[PDB]
Amino acid sequence: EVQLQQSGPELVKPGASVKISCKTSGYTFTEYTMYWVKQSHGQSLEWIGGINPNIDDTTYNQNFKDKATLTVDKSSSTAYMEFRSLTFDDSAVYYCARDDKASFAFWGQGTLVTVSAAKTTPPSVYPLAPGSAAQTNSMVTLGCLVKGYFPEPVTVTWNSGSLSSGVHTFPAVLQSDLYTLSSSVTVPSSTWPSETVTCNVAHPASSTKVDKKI
Amino acid sequence: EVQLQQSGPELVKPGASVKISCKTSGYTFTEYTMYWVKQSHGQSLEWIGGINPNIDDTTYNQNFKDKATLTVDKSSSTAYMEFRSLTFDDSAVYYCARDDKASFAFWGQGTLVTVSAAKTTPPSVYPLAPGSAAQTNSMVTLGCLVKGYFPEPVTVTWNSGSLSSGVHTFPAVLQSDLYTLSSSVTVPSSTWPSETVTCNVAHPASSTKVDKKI
Amino acid sequence: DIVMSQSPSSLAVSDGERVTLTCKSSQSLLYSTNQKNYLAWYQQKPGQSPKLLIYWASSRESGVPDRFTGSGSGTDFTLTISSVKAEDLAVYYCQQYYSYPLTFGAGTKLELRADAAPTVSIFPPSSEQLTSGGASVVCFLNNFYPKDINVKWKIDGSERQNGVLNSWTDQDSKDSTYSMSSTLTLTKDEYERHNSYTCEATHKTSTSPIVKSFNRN
Amino acid sequence: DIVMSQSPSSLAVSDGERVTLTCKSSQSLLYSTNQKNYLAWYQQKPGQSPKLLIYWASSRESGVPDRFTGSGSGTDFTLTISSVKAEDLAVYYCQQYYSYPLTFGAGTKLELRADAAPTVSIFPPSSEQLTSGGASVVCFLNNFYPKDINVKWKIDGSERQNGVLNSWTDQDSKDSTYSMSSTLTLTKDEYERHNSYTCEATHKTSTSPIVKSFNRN
C-alpha cells in the first residue's frame, strides 16, 4: 500500500555529520507529518522529534537539543535528518514513522548507524581444542575465536556448511574499537580426533577468507 | 498440482507394527480415491489395496489380507496405513497412489521400510592390494572391503574424495542380518606403488568414520 | 514529562494460554469530551519494523487477528491475548500521545518452558594465542534455562572482576534454550605466573554450584 | 485372477532408434458401454517415482512428449516410441483397470550399446582378515556387456557353491558398461587346508573362459 525507503548503513568518523533520508511514495507529502524514533540498546526506544512539511512546525526532544535538526523536501517528496557532534552513544537504529491518524502508523525498515575511530583489519582467528585427554560425556564440543575484525557483520560457517546442527553464534562485543565474537558446535566422540574440522570465516569488506583446521 | 508429503524411513523389527502417513493438499480429500503400491525386489510393483475416504470403503488384495489396515483422517486430510505381524519379506519401498483423474495418476516420493532384527555396529574396513610384483597391463586395480555395518547405506570415498575417476561402487548384500559392500578403482602403473592412497568410509547412523591406508 | 512503567519485565509462557500485559501512567491520559484515552500498543518482530495492535486501548486494528484485545481506561491499561501462537514471539511497547515529549515503554518479552542445564564447556587456551602476545580463556554456557545466571571467575582461588566479556544470545528455535559465552583476556606474563584456572557458575535448579577447574602445567 | 505378460524382458537401444513394447493380458480388457480399453503405461526413472503416460491406450496425457504414442485394442497392446532420447532410460510397467485386484507388469529396462570387453583382477586376503578368523577371495569383473554373465568358483580343482555372493550394480553412464563383484568367504581353518584359489567366468564374446589363480605360499 505504501513504501517507506531509507539509506543503508554508513561508516562515519566521530566528529563528522551524517544525513538520514526517509523516502515517501504513494501519498501526498504536504499533508501528513513525519516523526523519528531512536532505538537504543536493541530494545528501549527514544523519541527524536517531528516536523510538519507545509507549515514548517519543528519540535525536538530535550535530549536532542542542538543535535537533531529536521528538513523536508517538498519537490522530491522526502524527509531529511542530519546530526551534529556525533558521540559514542549516538550509534542506534533509526526509524521514520508517518502519522496518518490516531489509530495506526507506518514504520520503515531502519538505518544502522555506527560511529567509531577505527580501521578495517583482516580477522585473526585461532583454533580451540579441549586440553583433557578424556571426558565422561559422549559429546565433544569445539570452537574457534574470531578477534580483530571490522566492520560488522562476519559470517562464520562450519565445514563448508556441511553441519548445520548444533551451531551457536554469539553476538559481538565492542572492546578497544574492535568487535570479537565466538562460536561453538557439538561433535560426536566417535569422530574427533580421527578427522579434522575447519573454521571458515568470511569478511566481505576486506575480501579475506582463511580456514583453520583443528 | 498436488503435494504428497509422506513420512521418513522407518527401521523396525519383525513382529512389530509400523504406520505410514500420506498427506494431500491442493484439492478435496473426500472427493477422489486413495491407493497404495509396494515395490518388491526393486523392479516389481505390487498392489496393496485401496480406500475411498468418502464412504470409508476398504478393499485389499489376496496377498495383503489380514495384514495391513487403511484409515483416513478428515480433519488433517491424511491417509494412514498400518502393518501388523511383519516378516522379512515385508521390507520394500511403499508408494502412495492418489487417483484424481483417469488421464494421469499422481504419485508420491516413496517410503523405505526396512524390517530386520539387528544392532547398530561400526563398519570394518579391510584393504586390498595385488600380490603380483609386475604385470603386462598398464592399469592396476585396487579394492576396499567394508564389512559388518548397519544400517545402510554408507558413503565410501577414495583419497578423501579427491579421485572421482574410475570409481566402481557395488551395492550392498545381506548376509546373517549384516550388510557388505565392495569398491574397486582403476589406477595407472605410474603412481602405483609410487604413491599411497586411502579408503575413507562414513557411517551417518553410528557417526563412525574409519580410515585405512592401502 | 509523564513517565510510564511496565510490569513484569519478562515471563515464560506456553502455547495456547492467556498473556496479560500492563502499562501504568503517572497521570491521567483521558480527554473529557470524547471519552477517549490516548495510548498505542506496539509489536516489534526481530529484524522487522514495529507494528500497532490496539488503538485507543478499546479496539483492534484492521488486519490484526482477533486474539489481540485490550481493556482499561484512565491510569491502568491491560493487553490480553486469548490464544498465543508460534509467531507471537516479539517485544511489546506502549506509547502515550497525550503530551510532548512523547514517552515510551520499557518493553516486555515472552519465553518458553523449560529446564535446560549445561555441564562442562571449558576450553583451555591454545598454543597460537601466546604468539600474538595475549592470552584468553573462555567459558561457555549452552542449553541452559532460564537466561538469568551469575558467572564467576576464580584464578588461583582469587576473584578477578576485570577483563570479563559476557555475551548473551536469543532463544533457540529448536530446543527453545539459550547460549552464553564468557571470555576472559589477559597478557602473556600473567598467564605464566598462574597455574589453576577455575570457572564458577551458579544455577537456580541446582542446590550446589558446579565447580570445575583445570591446570596449566 | 487376471495375469499379464510383457515380452521381451529387456531391450538394448541406441539414440535415434524406435522401440516398441508389448503388453498381453489373459483376456480381452475391452468394455462395451464406454468402448474404451482400460490399461495404463508407466515409466519409472531410477531413484524416482513412476508416472503414467498413456491412459486408456488410445491417447497421450497432456505434458507427455509427442514421441509417446499409444495403440492396441482388445487382447494385444503396443507402446510405440518414435525417437528415444537421453532421458528415456527407465523401466516401464503395464497396469489394467478392468478388475480387482489390479495387476502390475513385470517391467522392461532399457540398455545401451555396445561392445564391452571384461577383465579379471584378483586380490589375496588381507592381513586383518585372517586375524579376525576368516578369509575372503574376490575377483572383480568390470567393463563388460551384456549384463548376462556366469562366474564359477573352483577350489583346488573342486567346484564349491558355499559362500558365493555376487554384487551387480547399474550401468555406468560414462563408459556405458557394467561392473560385477563376486565374493567368496571362508574361515581361517579352510584357508590353511587349501592352496590354489581360482575364479572362472564365461563371456559370450570370448570363445574360452578367462582363468586367474594365485598361491598361498
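We place every Cβ from the backbone using ideal geometry, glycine too, and count neighbours over all the protein chains shown. The values are calculated or read from the model by the stated rules, or taken from the named source; no laboratory read-out is quoted.
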If only one of C:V91, C:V64 is crowded, with 16+ Cβ neighbours inside 10 Å and free of Cβ contacts under 8 Å to residues at least 40 places away in the same chain, which one is it? C:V64
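So how many residues does region A:1-21 have that are assigned to a loop (DSSP other than H, G, I, E, B), surrounded by 14 or more Cβ atoms within 10 Å (Cβ to Cβ) and of a type in the set (G, A, S)?
The first filter runs over region A:1-21 and keeps only residues assigned to a loop (DSSP other than H, G, I, E, B), leaving A:1-4, A:7-9, A:13-18.
Now narrow it down to the ones that are surrounded by 14 or more Cβ atoms within 10 Å (Cβ to Cβ): A:4, A:7, A:18.
Remaining after also requiring of a type in the set (G, A, S): A:7.
Residues meeting the conditions: 1.
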Among the numbered criteria (1) crowded, with 18+ Cβ neighbours inside 10 Å; (2) of a type outside the set (A, V, I, L, M, F, W, C); (3) under 27 Å from B:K13 (Cα atoms), which single criterion is violated by B:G148? (1)
Leading residue by the ranking (surrounded by the most Cβ atoms within 10 Å (Cβ to Cβ)) among those in region A:38-60 that are in a strand (DSSP E or B) and facing chain C (nearest Cβ under 8 Å): A:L45
Of the residues in region A:22-37, those that are more than 10 Å from every other protein chain (Cβ to nearest Cβ) and either in a loop (DSSP other than H, G, I, E, B) or closer than 18 Å to A:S91 by Cβ (or both) come to A:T24, A:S25, A:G26, A:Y27, A:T28, A:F29, A:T30, A:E31, A:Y32, A:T33, A:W36
Condition broken by B:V156, with the remaining ones in (1) in the same structural domain as B:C96 (by CATH); (2) within 13 Å of B:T198 (Cα to Cα); (3) hydrophobic (A, V, I, L, M, F, W, C) satisfied: (1)
Which one of these does A:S176 not meet: (1) within 12 Å of chain C (Cβ to nearest Cβ); (2) surrounded by 15 or more Cβ atoms within 10 Å (Cβ to Cβ); (3) of a type in the set (S, T, Y); (4) within 19 Å of the chain's Cα centre (by Cα)? (2)
Counting residues that are of a type in the set (D, E, K, R), which strands (runs of 3 or more DSSP E) fully inside region A:77-136 reach at least 2? A:92-99
In region D:94-119, how many residues are more than 30 Å from D:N34 (Cα to Cα) and more than 10 Å from chain B (Cβ to nearest Cβ)? 9
Looking at C:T75, C:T80, C:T69, can you tell me which residue is in contact (Cβ under 8 Å) with a residue 24 or more places away in the chain and assigned to a strand (DSSP E or B)? C:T80
Which one is farthest from A:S182 (Cα to Cα), of the residues in region C:166-194 that are more than 9 Å from chain A (Cβ to nearest Cβ) and aliphatic (A, V, I, L, M)? C:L186
Please indicate, with yes or no, whether at least one residue in region A:137-150 is within 12 Å of another protein chain (Cβ to nearest Cβ), more than 20 Å from C:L184 (Cα to Cα), out of contact with any strand residue (DSSP E or B) (no Cβ under 8 Å at 6 or more places or on another chain) and in a loop (DSSP other than H, G, I, E, B). yes
Conditions first: (1) more than 10 Å from chain C (Cβ to nearest Cβ); (2) within 29 Å of C:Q43 (Cα to Cα); (3) buried (at least 18 other Cβ atoms within 10 Å of the Cβ); (4) in contact (Cβ under 8 Å) with a residue 60 or more places away in the chain. A:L112 passes all but one, so which condition is the exception? (3)
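Filter region D:123-138 for residues that are on the phi < 0 side of the Ramachandran plot and surrounded by fewer than 19 Cβ atoms within 10 Å (Cβ to Cβ) and give the result.
Within region D:123-138, D:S127, D:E128, D:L130, D:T131, D:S132, D:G134 qualify.
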Can you name the residue in region D:26-53 that is within 26 Å of the chain's Cα centre (by Cα) and part of a loop (DSSP other than H, G, I, E, B) and, of all such residues, is farthest from the other protein chains (Cβ to nearest Cβ)? D:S26
Residue among A:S77, A:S103 that alone is of a type in the set (S, T, Y) and either more than 11 Å from A:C22 (Cβ to Cβ) or loosely packed, with under 14 Cβ neighbours inside 10 Å (or both): A:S103
Working carefully through the options A:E46, A:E10, A:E1, find the one that is of a type in the set (D, E) and within 30 Å of C:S10 (Cβ to Cβ). A:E46
Considering only region B:183-214, how many residues are in contact (Cβ under 8 Å) with a residue 40 or more places away in the chain, within 22 Å of the chain's Cα centre (by Cα) and under 18 Å from A:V187 (Cα atoms)? 7
Going residue by residue through region D:54-65, is there one that turns out to be aromatic (F, W, Y), over 24 Å from B:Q62 (Cα atoms), within 13 Å of chain B (Cβ to nearest Cβ) and touching a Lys or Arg at 6+ places or on another chain (Cβ under 6 Å)? yes
Taking D:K85 as meeting all but one of (1) exposed (fewer than 12 other Cβ atoms within 10 Å of the Cβ); (2) of a type in the set (D, E, K, R); (3) within 13 Å of chain B (Cβ to nearest Cβ), write down the number of the exception. (3)
Going through (1) closer than 12 Å to B:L4 by Cβ; (2) within 18 Å of the chain's Cα centre (by Cα); (3) away from chain D (no Cβ under 13 Å) one by one, B:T78 fails only at (2)
